[PDB]
Amino acid sequence: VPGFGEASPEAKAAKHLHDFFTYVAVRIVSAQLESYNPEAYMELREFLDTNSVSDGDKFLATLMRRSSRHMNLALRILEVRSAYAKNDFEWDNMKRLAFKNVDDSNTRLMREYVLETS
Amino acid sequence: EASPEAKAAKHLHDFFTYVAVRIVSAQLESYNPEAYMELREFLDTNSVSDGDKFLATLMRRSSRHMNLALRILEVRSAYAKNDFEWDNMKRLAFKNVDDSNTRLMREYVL
C-alpha cells in the first residue's frame, strides 16, 4: 500500500479496535457492577478517575497491580473484552456502516460544494 | 446512544481519509512532483485528523487543490471497498486481544 512501510493499515485499525474493545469491556463490566456489587462499582469508578482507559493494556496492567480484588476486576474485563469482540460485536454491520459513512461523506461534500458555489 | 459498531465505523471513515491522503501523497511523489509539494504545503497548515472538514477546506482552496481533493475522495472509497483487507484486520484484532491476555497474565505473575 503506497505510503505505508511499517504497520499495515489493517494492523493499525486492529490495534485501535483492541483498545476500543478494552473500553467497551470496561463500560460493560461497570454496568454489571452497578446493582450486583455497588461497593465494587464505586471502587471501579474511583480507579477510572485517575487512570486512563486510552492505552488499554497499560490501564489493565495498572489495575491488576492495584490490589488482589482489582486484579480480579482486570481478569473479568479481560474475559468480557474477549467475549464481546469474538461473539457479540457485529463486525459486518461495522463494515457496512463504514461504507455508508464514506459514501454519504462523498455525497455530502460534493452537494454542499455545488450548492454554495452558485 | 451511538452503538459500538457505529462508533467504530465513524473512526474507520476518518482513518480511511488518512490512508487515502497517505496513498495519494506517495503516488504524487512518484508521478507529480509539483502536486506533491502543493499537498505537502497544505498539510503544513491543515490537519488530516480534521477528516471531512479538511477535505472541504482543500476543495475550496483552488482548482488545483480541488483536483487533489477529488483524487483523495476517489482513492478513499476504492481503497476501503477493494483493497483494505477487512477479514485480515479482524483476524489481527482477535490475535491482539489473545496475545494481550497472555502477556498481561504472564507478566503479572512473573
# chains A, B, ... in the order shown; residues from 1 in each chain; ligands from 1
call {"tool": "select_by_dssp", "arguments": {"residues": "segment 13-85 of chain B", "states": "alpha helix (DSSP H)", "output": "number ranges by chain"}}
result
B: 13-31, 33-45, 52-61, 63-78
call {"tool": "residues_around", "arguments": {"residues": "residue 33 of chain A", "least_positions_apart": "2", "cutoff": "12 Å", "atoms": "only C-alpha atoms", "output": "number ranges by chain"}}
result
A: 26-31, 35-45, 73, 76-77
call {"tool": "closest_atom_pairs", "arguments": {"of": "chain A", "to": "chain B", "cutoff": "8 Å", "atoms": "only C-alpha atoms", "output": "CSV"}}
result
residue,atom,partner,partner_atom,distance
A:1,CA,B:23,CA,7.1
A:2,CA,B:23,CA,4.8
A:3,CA,B:26,CA,5.1
A:4,CA,B:22,CA,7.7
A:9,CA,B:19,CA,7.4
A:10,CA,B:89,CA,4.6
A:11,CA,B:89,CA,6.2
A:13,CA,B:89,CA,6.8
A:14,CA,B:93,CA,4.5
A:15,CA,B:93,CA,6.6
A:17,CA,B:93,CA,6.5
A:18,CA,B:93,CA,5.9
A:24,CA,B:4,CA,7.6
A:57,CA,B:100,CA,7.3
A:60,CA,B:104,CA,7.9
A:61,CA,B:104,CA,6.5
A:64,CA,B:108,CA,7.9
A:65,CA,B:108,CA,7.7
A:78,CA,B:101,CA,6.5
A:82,CA,B:97,CA,6.6
A:85,CA,B:94,CA,7.5
A:86,CA,B:94,CA,7.1
A:89,CA,B:5,CA,7.0
A:90,CA,B:5,CA,6.5
A:91,CA,B:5,CA,7.3
A:93,CA,B:5,CA,6.8
A:94,CA,B:5,CA,4.7
A:95,CA,B:9,CA,6.8
A:97,CA,B:9,CA,5.7
A:98,CA,B:9,CA,4.4
A:99,CA,B:81,CA,7.6
A:101,CA,B:13,CA,6.2
A:102,CA,B:13,CA,5.8
A:103,CA,B:77,CA,7.4
A:105,CA,B:52,CA,7.3
A:106,CA,B:73,CA,6.8
A:109,CA,B:56,CA,6.5
A:113,CA,B:56,CA,7.8
call {"tool": "atom_distance", "arguments": {"atom1": "atom CA of residue 5 of chain A", "atom2": "atom CA of residue 57 of chain B"}}
result
28.5 Å
call {"tool": "residues_around", "arguments": {"residues": "residue 42 of chain B", "least_positions_apart": "3", "cutoff": "12 Å", "atoms": "only C-alpha atoms", "output": "list in words"}}
result
residues 21, 25, 35, 36, 37, 38, 39, 45, 46, 47, 48, 54, 55, 57, 58, 59, 61, 62, 64, 65, 68 and 69 of chain B
call {"tool": "write_last_selection", "arguments": {"atoms": "C-alpha atoms", "output": "mmCIF file, in the first residue's frame"}}
result
data_model
loop_
_atom_site.group_PDB
_atom_site.id
_atom_site.type_symbol
_atom_site.label_atom_id
_atom_site.label_comp_id
_atom_site.auth_asym_id
_atom_site.auth_seq_id
_atom_site.Cartn_x
_atom_site.Cartn_y
_atom_site.Cartn_z
ATOM 1 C CA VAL B 21 -4.103 11.119 1.835
ATOM 2 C CA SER B 25 0.799 11.736 -1.339
ATOM 3 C CA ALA B 35 1.321 18.481 -6.938
ATOM 4 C CA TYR B 36 3.131 16.538 -4.241
ATOM 5 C CA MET B 37 4.587 19.841 -2.998
ATOM 6 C CA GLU B 38 1.219 21.629 -3.001
ATOM 7 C CA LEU B 39 -0.378 18.810 -0.950
ATOM 8 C CA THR B 45 -1.353 24.203 7.872
ATOM 9 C CA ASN B 46 -4.300 21.794 7.851
ATOM 10 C CA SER B 47 -4.766 18.627 9.870
ATOM 11 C CA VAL B 48 -5.984 15.437 8.233
ATOM 12 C CA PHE B 54 -10.043 19.030 5.914
ATOM 13 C CA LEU B 55 -11.418 17.776 2.617
ATOM 14 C CA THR B 57 -11.262 23.211 3.007
ATOM 15 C CA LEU B 58 -8.997 21.508 0.424
ATOM 16 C CA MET B 59 -11.817 21.547 -2.202
ATOM 17 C CA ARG B 61 -8.649 26.405 -1.791
ATOM 18 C CA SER B 62 -8.308 26.461 -5.632
ATOM 19 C CA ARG B 64 -5.614 22.620 -8.291
ATOM 20 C CA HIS B 65 -6.499 21.800 -4.660
ATOM 21 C CA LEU B 68 -6.250 16.922 -5.076
ATOM 22 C CA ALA B 69 -9.461 16.650 -3.079
#
call {"tool": "closest_residue", "arguments": {"among": "A:7, A:74, A:80, A:115", "to": "residue 58 of chain A", "atoms": "only C-alpha atoms"}}
result
A:74
call {"tool": "atom_distance", "arguments": {"atom1": "atom CA of residue 56 of chain A", "atom2": "atom CA of residue 71 of chain A"}}
result
14.7 Å
call {"tool": "decode", "arguments": {"residues": "segment 1-32 of chain B", "atoms": "N, CA, C and O atoms", "output": "PDB file, in the first residue's frame"}}
result
ATOM      1  N   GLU B   1     -26.167   7.473  22.534  1.00  0.00           N
ATOM      2  CA  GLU B   1     -26.992   6.375  22.047  1.00  0.00           C
ATOM      3  C   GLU B   1     -26.371   5.706  20.826  1.00  0.00           C
ATOM      4  O   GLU B   1     -27.005   4.856  20.197  1.00  0.00           O
ATOM      5  N   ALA B   2     -25.138   6.094  20.492  1.00  0.00           N
ATOM      6  CA  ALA B   2     -24.441   5.537  19.329  1.00  0.00           C
ATOM      7  C   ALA B   2     -23.822   4.180  19.655  1.00  0.00           C
ATOM      8  O   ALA B   2     -23.092   4.057  20.631  1.00  0.00           O
ATOM      9  N   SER B   3     -24.115   3.174  18.832  1.00  0.00           N
ATOM     10  CA  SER B   3     -23.622   1.820  19.053  1.00  0.00           C
ATOM     11  C   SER B   3     -22.104   1.716  18.929  1.00  0.00           C
ATOM     12  O   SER B   3     -21.474   2.554  18.293  1.00  0.00           O
ATOM     13  N   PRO B   4     -21.509   0.682  19.556  1.00  0.00           N
ATOM     14  CA  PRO B   4     -20.079   0.449  19.344  1.00  0.00           C
ATOM     15  C   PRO B   4     -19.733   0.314  17.862  1.00  0.00           C
ATOM     16  O   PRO B   4     -18.771   0.946  17.442  1.00  0.00           O
ATOM     17  N   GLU B   5     -20.508  -0.482  17.112  1.00  0.00           N
ATOM     18  CA  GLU B   5     -20.295  -0.670  15.685  1.00  0.00           C
ATOM     19  C   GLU B   5     -20.284   0.672  14.953  1.00  0.00           C
ATOM     20  O   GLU B   5     -19.423   0.907  14.115  1.00  0.00           O
ATOM     21  N   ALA B   6     -21.231   1.543  15.293  1.00  0.00           N
ATOM     22  CA  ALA B   6     -21.347   2.863  14.680  1.00  0.00           C
ATOM     23  C   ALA B   6     -20.194   3.790  15.073  1.00  0.00           C
ATOM     24  O   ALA B   6     -19.735   4.600  14.274  1.00  0.00           O
ATOM     25  N   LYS B   7     -19.749   3.696  16.317  1.00  0.00           N
ATOM     26  CA  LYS B   7     -18.604   4.486  16.755  1.00  0.00           C
ATOM     27  C   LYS B   7     -17.356   4.027  16.022  1.00  0.00           C
ATOM     28  O   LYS B   7     -16.548   4.840  15.592  1.00  0.00           O
ATOM     29  N   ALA B   8     -17.223   2.709  15.878  1.00  0.00           N
ATOM     30  CA  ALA B   8     -16.086   2.121  15.194  1.00  0.00           C
ATOM     31  C   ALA B   8     -16.055   2.523  13.712  1.00  0.00           C
ATOM     32  O   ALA B   8     -14.988   2.812  13.167  1.00  0.00           O
ATOM     33  N   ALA B   9     -17.229   2.508  13.082  1.00  0.00           N
ATOM     34  CA  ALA B   9     -17.407   2.950  11.696  1.00  0.00           C
ATOM     35  C   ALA B   9     -17.050   4.421  11.454  1.00  0.00           C
ATOM     36  O   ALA B   9     -16.464   4.742  10.424  1.00  0.00           O
ATOM     37  N   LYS B  10     -17.417   5.318  12.373  1.00  0.00           N
ATOM     38  CA  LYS B  10     -17.032   6.736  12.239  1.00  0.00           C
ATOM     39  C   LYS B  10     -15.515   6.880  12.261  1.00  0.00           C
ATOM     40  O   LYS B  10     -14.933   7.622  11.451  1.00  0.00           O
ATOM     41  N   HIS B  11     -14.873   6.174  13.189  1.00  0.00           N
ATOM     42  CA  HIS B  11     -13.413   6.170  13.280  1.00  0.00           C
ATOM     43  C   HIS B  11     -12.752   5.613  12.028  1.00  0.00           C
ATOM     44  O   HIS B  11     -11.692   6.078  11.613  1.00  0.00           O
ATOM     45  N   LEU B  12     -13.366   4.594  11.441  1.00  0.00           N
ATOM     46  CA  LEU B  12     -12.780   3.993  10.250  1.00  0.00           C
ATOM     47  C   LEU B  12     -12.914   4.916   9.031  1.00  0.00           C
ATOM     48  O   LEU B  12     -12.038   4.937   8.172  1.00  0.00           O
ATOM     49  N   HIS B  13     -14.028   5.640   8.954  1.00  0.00           N
ATOM     50  CA  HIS B  13     -14.248   6.643   7.908  1.00  0.00           C
ATOM     51  C   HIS B  13     -13.106   7.674   7.951  1.00  0.00           C
ATOM     52  O   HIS B  13     -12.476   7.945   6.946  1.00  0.00           O
ATOM     53  N   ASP B  14     -12.799   8.206   9.131  1.00  0.00           N
ATOM     54  CA  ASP B  14     -11.739   9.206   9.214  1.00  0.00           C
ATOM     55  C   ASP B  14     -10.366   8.602   8.983  1.00  0.00           C
ATOM     56  O   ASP B  14      -9.477   9.236   8.432  1.00  0.00           O
ATOM     57  N   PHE B  15     -10.211   7.367   9.423  1.00  0.00           N
ATOM     58  CA  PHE B  15      -8.997   6.597   9.211  1.00  0.00           C
ATOM     59  C   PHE B  15      -8.758   6.400   7.703  1.00  0.00           C
ATOM     60  O   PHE B  15      -7.633   6.526   7.227  1.00  0.00           O
ATOM     61  N   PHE B  16      -9.818   6.083   6.957  1.00  0.00           N
ATOM     62  CA  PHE B  16      -9.691   5.900   5.519  1.00  0.00           C
ATOM     63  C   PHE B  16      -9.336   7.237   4.810  1.00  0.00           C
ATOM     64  O   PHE B  16      -8.642   7.244   3.799  1.00  0.00           O
ATOM     65  N   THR B  17      -9.796   8.354   5.352  1.00  0.00           N
ATOM     66  CA  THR B  17      -9.381   9.663   4.808  1.00  0.00           C
ATOM     67  C   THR B  17      -7.865   9.815   5.000  1.00  0.00           C
ATOM     68  O   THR B  17      -7.115  10.180   4.086  1.00  0.00           O
ATOM     69  N   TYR B  18      -7.412   9.489   6.197  1.00  0.00           N
ATOM     70  CA  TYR B  18      -5.987   9.487   6.483  1.00  0.00           C
ATOM     71  C   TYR B  18      -5.199   8.565   5.529  1.00  0.00           C
ATOM     72  O   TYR B  18      -4.217   8.980   4.922  1.00  0.00           O
ATOM     73  N   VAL B  19      -5.647   7.330   5.375  1.00  0.00           N
ATOM     74  CA  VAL B  19      -4.962   6.405   4.482  1.00  0.00           C
ATOM     75  C   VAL B  19      -4.927   6.958   3.037  1.00  0.00           C
ATOM     76  O   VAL B  19      -3.879   6.957   2.370  1.00  0.00           O
ATOM     77  N   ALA B  20      -6.067   7.464   2.572  1.00  0.00           N
ATOM     78  CA  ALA B  20      -6.159   7.968   1.208  1.00  0.00           C
ATOM     79  C   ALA B  20      -5.188   9.120   0.998  1.00  0.00           C
ATOM     80  O   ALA B  20      -4.559   9.214  -0.048  1.00  0.00           O
ATOM     81  N   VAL B  21      -5.029   9.984   1.998  1.00  0.00           N
ATOM     82  CA  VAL B  21      -4.103  11.119   1.835  1.00  0.00           C
ATOM     83  C   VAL B  21      -2.666  10.608   1.750  1.00  0.00           C
ATOM     84  O   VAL B  21      -1.847  11.130   0.969  1.00  0.00           O
ATOM     85  N   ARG B  22      -2.388   9.550   2.514  1.00  0.00           N
ATOM     86  CA  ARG B  22      -1.058   8.938   2.509  1.00  0.00           C
ATOM     87  C   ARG B  22      -0.786   8.256   1.180  1.00  0.00           C
ATOM     88  O   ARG B  22       0.276   8.434   0.612  1.00  0.00           O
ATOM     89  N   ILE B  23      -1.756   7.497   0.672  1.00  0.00           N
ATOM     90  CA  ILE B  23      -1.620   6.882  -0.643  1.00  0.00           C
ATOM     91  C   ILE B  23      -1.434   7.923  -1.753  1.00  0.00           C
ATOM     92  O   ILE B  23      -0.540   7.819  -2.595  1.00  0.00           O
ATOM     93  N   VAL B  24      -2.301   8.927  -1.759  1.00  0.00           N
ATOM     94  CA  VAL B  24      -2.248   9.962  -2.772  1.00  0.00           C
ATOM     95  C   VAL B  24      -0.928  10.722  -2.716  1.00  0.00           C
ATOM     96  O   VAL B  24      -0.336  11.051  -3.760  1.00  0.00           O
ATOM     97  N   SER B  25      -0.470  11.021  -1.506  1.00  0.00           N
ATOM     98  CA  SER B  25       0.799  11.736  -1.339  1.00  0.00           C
ATOM     99  C   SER B  25       1.965  10.940  -1.951  1.00  0.00           C
ATOM    100  O   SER B  25       2.756  11.485  -2.718  1.00  0.00           O
ATOM    101  N   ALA B  26       2.039   9.659  -1.593  1.00  0.00           N
ATOM    102  CA  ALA B  26       3.022   8.727  -2.137  1.00  0.00           C
ATOM    103  C   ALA B  26       2.990   8.647  -3.671  1.00  0.00           C
ATOM    104  O   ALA B  26       4.027   8.706  -4.324  1.00  0.00           O
ATOM    105  N   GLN B  27       1.799   8.531  -4.254  1.00  0.00           N
ATOM    106  CA  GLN B  27       1.700   8.462  -5.708  1.00  0.00           C
ATOM    107  C   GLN B  27       2.142   9.758  -6.369  1.00  0.00           C
ATOM    108  O   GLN B  27       2.811   9.743  -7.405  1.00  0.00           O
ATOM    109  N   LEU B  28       1.770  10.887  -5.779  1.00  0.00           N
ATOM    110  CA  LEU B  28       2.178  12.170  -6.314  1.00  0.00           C
ATOM    111  C   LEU B  28       3.697  12.347  -6.250  1.00  0.00           C
ATOM    112  O   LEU B  28       4.283  12.962  -7.125  1.00  0.00           O
ATOM    113  N   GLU B  29       4.332  11.809  -5.211  1.00  0.00           N
ATOM    114  CA  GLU B  29       5.790  11.905  -5.103  1.00  0.00           C
ATOM    115  C   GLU B  29       6.464  11.288  -6.337  1.00  0.00           C
ATOM    116  O   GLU B  29       7.361  11.891  -6.898  1.00  0.00           O
ATOM    117  N   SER B  30       5.987  10.113  -6.763  1.00  0.00           N
ATOM    118  CA  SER B  30       6.464   9.442  -7.977  1.00  0.00           C
ATOM    119  C   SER B  30       5.936  10.050  -9.289  1.00  0.00           C
ATOM    120  O   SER B  30       6.676  10.138 -10.277  1.00  0.00           O
ATOM    121  N   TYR B  31       4.665  10.452  -9.317  1.00  0.00           N
ATOM    122  CA  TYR B  31       4.028  10.818 -10.588  1.00  0.00           C
ATOM    123  C   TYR B  31       3.755  12.294 -10.845  1.00  0.00           C
ATOM    124  O   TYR B  31       3.458  12.672 -11.984  1.00  0.00           O
ATOM    125  N   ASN B  32       3.847  13.124  -9.805  1.00  0.00           N
ATOM    126  CA  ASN B  32       3.589  14.562  -9.960  1.00  0.00           C
ATOM    127  C   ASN B  32       4.250  15.364  -8.842  1.00  0.00           C
ATOM    128  O   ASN B  32       3.600  15.745  -7.857  1.00  0.00           O
TER     129      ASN B  32
END
